[PDB]
């Protein structure tokens, strides 16, 4: 049993991603479900999921391609018992490589202000903000992918 990472729009992988987001954003943190789950969540949307076992997804992000070869990584979260062990960082490092393989040259993050330093260690920089949306501070960050 090795740790595994999956990029795809399948029913099963899609389910894993929704289950993580429902537990963390909606239930644990009290965000409205019609805010968390949005018009971009279709059958065609691809998600990145990291599994310790086949029945145990632990961290996830949503792939959101933009114009001009910019990839945005969104809906980022980690199962509570597994936070603080570098799994999110491992997932992101793999998602960057997946994106460059498909011709994107820049990563893009709309992160919570409190996560600024984390993303700076991964090589992102603020290009706009802080501002405010849905009630709390956000910063726009970019990184050149190589």
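Positions refer to the first chain, counted from 1.
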| item | value |
| --- | --- |
| Mean C-alpha temperature factor, higher of 92 to 100 and 109 to 117 | 109 to 117 |
| Between 125 to 133 and 9 to 17 (mean CA B-factor, as deposited), the higher | 125 to 133 |
| Chain-relative CA temperature factor third for residue 67 | highest |
| Ranked against its chain, the third holding the CA B-factor of residue 38 | lowest |
